[PDB]
Amino acid sequence: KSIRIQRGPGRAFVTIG
């Protein structure tokens, strides 16, 4: 389980697993 979610002007939400 390893997600890649970030917040900010122009940030995308990704998920890996």
# chains A, B, ... in the order shown; residues from 1 in each chain; ligands from 1

$ residues_around --residues "residue 15 in chain A" --least-positions-apart "4" --cutoff "8 Å" --atoms "only C-alpha atoms" --output "PyMOL selection string"
chain A and resi 2-5

$ write_last_selection --atoms "N, CA and C atoms" --output "compact mmCIF listing (two decimals), in the first residue's frame"
# COMPACT_ATOMS: atom_id res chain seq x y z
N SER A 2 0.82 2.00 -1.10
CA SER A 2 1.60 3.22 -1.23
C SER A 2 0.90 4.22 -2.14
N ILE A 3 0.25 5.22 -1.54
CA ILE A 3 -0.46 6.24 -2.30
C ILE A 3 0.39 7.49 -2.48
N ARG A 4 0.03 8.30 -3.47
CA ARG A 4 0.76 9.53 -3.74
C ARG A 4 -0.22 10.69 -3.95
N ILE A 5 -0.73 11.23 -2.85
CA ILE A 5 -1.68 12.33 -2.91
C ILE A 5 -1.10 13.59 -2.27

$ select_by_dssp --residues "chain A" --states "strand (DSSP E or B)" --output "list in words"
residues 2, 3, 4, 5, 13, 14, 15 and 16 of chain A

$ write_last_selection --atoms "N, CA, C and O atoms" --output "PDB file, in the first residue's frame"
ATOM      1  N   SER A   2       0.822   1.998  -1.102  1.00  0.00           N
ATOM      2  CA  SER A   2       1.601   3.224  -1.229  1.00  0.00           C
ATOM      3  C   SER A   2       0.897   4.222  -2.142  1.00  0.00           C
ATOM      4  O   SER A   2       0.936   4.093  -3.366  1.00  0.00           O
ATOM      5  N   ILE A   3       0.254   5.217  -1.541  1.00  0.00           N
ATOM      6  CA  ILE A   3      -0.459   6.237  -2.303  1.00  0.00           C
ATOM      7  C   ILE A   3       0.392   7.487  -2.478  1.00  0.00           C
ATOM      8  O   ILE A   3       1.343   7.714  -1.732  1.00  0.00           O
ATOM      9  N   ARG A   4       0.035   8.299  -3.465  1.00  0.00           N
ATOM     10  CA  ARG A   4       0.756   9.534  -3.735  1.00  0.00           C
ATOM     11  C   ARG A   4      -0.221  10.685  -3.947  1.00  0.00           C
ATOM     12  O   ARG A   4      -0.511  11.068  -5.080  1.00  0.00           O
ATOM     13  N   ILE A   5      -0.729  11.228  -2.847  1.00  0.00           N
ATOM     14  CA  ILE A   5      -1.679  12.331  -2.905  1.00  0.00           C
ATOM     15  C   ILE A   5      -1.104  13.592  -2.270  1.00  0.00           C
ATOM     16  O   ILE A   5      -0.608  13.562  -1.144  1.00  0.00           O
ATOM     17  N   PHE A  13      -3.893  13.707  -7.682  1.00  0.00           N
ATOM     18  CA  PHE A  13      -3.962  12.604  -6.730  1.00  0.00           C
ATOM     19  C   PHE A  13      -3.671  11.273  -7.417  1.00  0.00           C
ATOM     20  O   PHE A  13      -4.398  10.856  -8.318  1.00  0.00           O
ATOM     21  N   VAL A  14      -2.603  10.611  -6.983  1.00  0.00           N
ATOM     22  CA  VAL A  14      -2.215   9.327  -7.555  1.00  0.00           C
ATOM     23  C   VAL A  14      -2.194   8.237  -6.489  1.00  0.00           C
ATOM     24  O   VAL A  14      -2.115   8.526  -5.295  1.00  0.00           O
ATOM     25  N   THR A  15      -2.265   6.984  -6.927  1.00  0.00           N
ATOM     26  CA  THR A  15      -2.252   5.854  -6.011  1.00  0.00           C
ATOM     27  C   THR A  15      -1.506   4.669  -6.617  1.00  0.00           C
ATOM     28  O   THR A  15      -1.717   4.316  -7.777  1.00  0.00           O
ATOM     29  N   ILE A  16      -0.633   4.058  -5.822  1.00  0.00           N
ATOM     30  CA  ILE A  16       0.145   2.912  -6.278  1.00  0.00           C
ATOM     31  C   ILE A  16      -0.025   1.724  -5.338  1.00  0.00           C
ATOM     32  O   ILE A  16      -0.082   1.887  -4.118  1.00  0.00           O
TER      33      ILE A  16
END

$ decode --residues "chain A" --atoms "N, CA and C atoms" --output "compact mmCIF listing (two decimals), in the first residue's frame"
# COMPACT_ATOMS: atom_id res chain seq x y z
N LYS A 1 0.83 -1.20 0.00
CA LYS A 1 0.00 0.00 0.00
C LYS A 1 0.86 1.26 0.00
N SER A 2 0.82 2.00 -1.10
CA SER A 2 1.60 3.22 -1.23
C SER A 2 0.90 4.22 -2.14
N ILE A 3 0.25 5.22 -1.54
CA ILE A 3 -0.46 6.24 -2.30
C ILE A 3 0.39 7.49 -2.48
N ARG A 4 0.03 8.30 -3.47
CA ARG A 4 0.76 9.53 -3.74
C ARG A 4 -0.22 10.69 -3.95
N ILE A 5 -0.73 11.23 -2.85
CA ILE A 5 -1.68 12.33 -2.91
C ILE A 5 -1.10 13.59 -2.27
N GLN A 6 -1.18 14.70 -3.00
CA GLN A 6 -0.66 15.97 -2.51
C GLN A 6 -1.66 17.10 -2.78
N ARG A 7 -1.60 18.14 -1.96
CA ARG A 7 -2.49 19.28 -2.10
C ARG A 7 -1.72 20.54 -2.47
N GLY A 8 -2.27 21.33 -3.39
CA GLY A 8 -1.61 22.55 -3.81
C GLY A 8 -2.06 23.00 -5.20
N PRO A 9 -1.87 24.29 -5.53
CA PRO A 9 -2.26 24.83 -6.83
C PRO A 9 -1.70 24.01 -7.99
N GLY A 10 -2.49 23.07 -8.49
CA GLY A 10 -2.05 22.24 -9.60
C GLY A 10 -1.50 20.91 -9.13
N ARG A 11 -2.13 20.33 -8.11
CA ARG A 11 -1.69 19.05 -7.57
C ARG A 11 -2.65 17.94 -7.97
N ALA A 12 -2.10 16.79 -8.35
CA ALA A 12 -2.91 15.65 -8.76
C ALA A 12 -2.86 14.54 -7.71
N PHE A 13 -3.89 13.71 -7.68
CA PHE A 13 -3.96 12.60 -6.73
C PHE A 13 -3.67 11.27 -7.42
N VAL A 14 -2.60 10.61 -6.98
CA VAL A 14 -2.21 9.33 -7.55
C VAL A 14 -2.19 8.24 -6.49
N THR A 15 -2.26 6.98 -6.93
CA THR A 15 -2.25 5.85 -6.01
C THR A 15 -1.51 4.67 -6.62
N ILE A 16 -0.63 4.06 -5.82
CA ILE A 16 0.14 2.91 -6.28
C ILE A 16 -0.02 1.72 -5.34
N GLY A 17 -0.10 0.53 -5.91
CA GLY A 17 -0.27 -0.67 -5.11
C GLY A 17 -0.60 -1.89 -5.95
